[PDB]
Each structure stands twice: as C-alpha cells, then as structure tokens.
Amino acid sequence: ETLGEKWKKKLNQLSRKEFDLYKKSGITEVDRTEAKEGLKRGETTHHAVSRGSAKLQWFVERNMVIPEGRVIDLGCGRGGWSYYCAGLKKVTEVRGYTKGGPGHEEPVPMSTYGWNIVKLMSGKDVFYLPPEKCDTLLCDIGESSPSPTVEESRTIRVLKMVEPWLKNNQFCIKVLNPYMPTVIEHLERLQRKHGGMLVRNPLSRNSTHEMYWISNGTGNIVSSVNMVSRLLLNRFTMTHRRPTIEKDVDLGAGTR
C-alpha cells in the first residue's frame, strides 16, 4: 500500500469537523472577500471569477507553464484560468470548454483585460471532443471521490484524453490522484514522451492529493509524489495551522 493510500484512508476516517479543520491547515490561499462581493453585485472588471486564476498564476509566475498563442482550457468551469491567460502578453486566443449543466459550474461572462480574445463554450464533455491545434494546453479536470479506485479511473481517463492535444506545446494538466501505481506508470510514459514535471501547488487544499503536470521542468515523479504524501500525512499529526493568506489577482479591464 502506497503512502498516498494511507493518507486517503486517514482522510476518510475524519469527522466533518476534523475534515474542515484539516483541509486548509498550513495551506496557502488568496483572500477572495473583495472578488466575491464584487461578483455578487455583478461587477465584470478586475475580479477573478474563481480561485483558479491565482492557482494557475502561481505556476505561470514560476515559469512552469508559459501560456502563449492559442490557449485551450479543458474543464474551464467559471473561467478562472481562461480569463487569467487572456491578459498575458504572449497569448492571442483563449478557447475554454466545460461540461456545465446540473452539478457543474457554468462560464461567467466577464470584462477583465483581454475578454475579447476569450470564447468559453459550455455543454461540452471533453471526453467526446476531437483534439484541436493549440500552443498551450490547459486541463483542470478531476473530480474527487472518497474511493481512490474511482479517482484512479478518473485520473487515467484524463491522462489518456489529454495526450492527443499535446504536440510540443506548453501545458499544465491536473493529476487528481497521482499516487496509484497504474497512474505513476502512465505519468512516467507521458514524461518520457512530452517531458515536464509533476508539481504540488501550495494553494491546493490538504483534502486533495492533486498535483499538476507542467511542461517546463524536470524531475523524478515517484519522489515528488511520495514527498506530497508524507507532507499531507504529517499535516494530520500537526497542530492546526491557519492558512497563509495572500492577495487575490486583479485581472483589470479592457480589450486587446
């Protein structure tokens, strides 16, 4: 049994009270107060529509993925990754696809900087989408489940779906459950072919073992995964730590 499986078993034993205290213990998070107030009022400038804009910004500002040209955003949801990319100097077009409907977030129309180069299409299940040419491939799909075998299936399906979209382009892909041995086998094969590295984002919650496969980096995937399992396991043992609060992103206004 992997360390990740030990973490998942312990996570599943927590009461709701224990789970709520654990899920943000020692994590980093942006203060969404201003954005949530503005969005409730229907404000369309400055605000990021979700925590995802800051989450992708964390990788971009570290050069782990450098969006450029035509960006595809799979599983765009409200559009946080797409609206953030729309303001980036090298980006020329953003196309987001998301399922929408019951149980799924719908794109939020916004007027943040570069809105005019964004097209968010809902009602689209990416598992039936044929691949398109793009310079940047983003994917943030992977629904958590108390079952790690359900998560394993979900993760392998995303990895198989994204591959034909990868053609010597920039990429950032969520890996929901990176610790199951079958997933590690696929990730090692994918890294041999397309390069990149698996990275844990400090803005992820402790309630998920997600890591992101980014294009600009190198390293040992197994080492990186076990490092996260040990980190998350130890966070159960530690006294509660309020999250490290950071300022949310201002996505401005205007067209380009």
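When you see a residue number, it is the position in the sequence shown, counting from 1.
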| item | value |
| --- | --- |
| Comparing 58 to 66 with 216 to 224, the one whose average Cα B-factor in the PDB entry is higher | 216 to 224 |
| Between 22 to 30 and 35 to 43 (mean CA B-factor, as deposited), the higher | 35 to 43 |
| Residue with maximal Cα B-factor (values as given in the PDB entry) among 157, 90, 174, 99 | 90 |
| Criterion, highest CA B-factor; candidates, 73, 125, 163, 185 | 185 |
| Chain thirds of CA B-factor: placement of residue 120 | middle |
| Third of the chain, ranked by Cα B-factor, where residue 132 sits | highest |
| Residue 109, C-alpha B-factor rank within chain (lowest, middle or highest third) | highest |
| Third of the chain, ranked by Cα B-factor, where residue 148 sits | highest |
| Record-listed C-alpha B factor of residue 205: chain third | lowest |
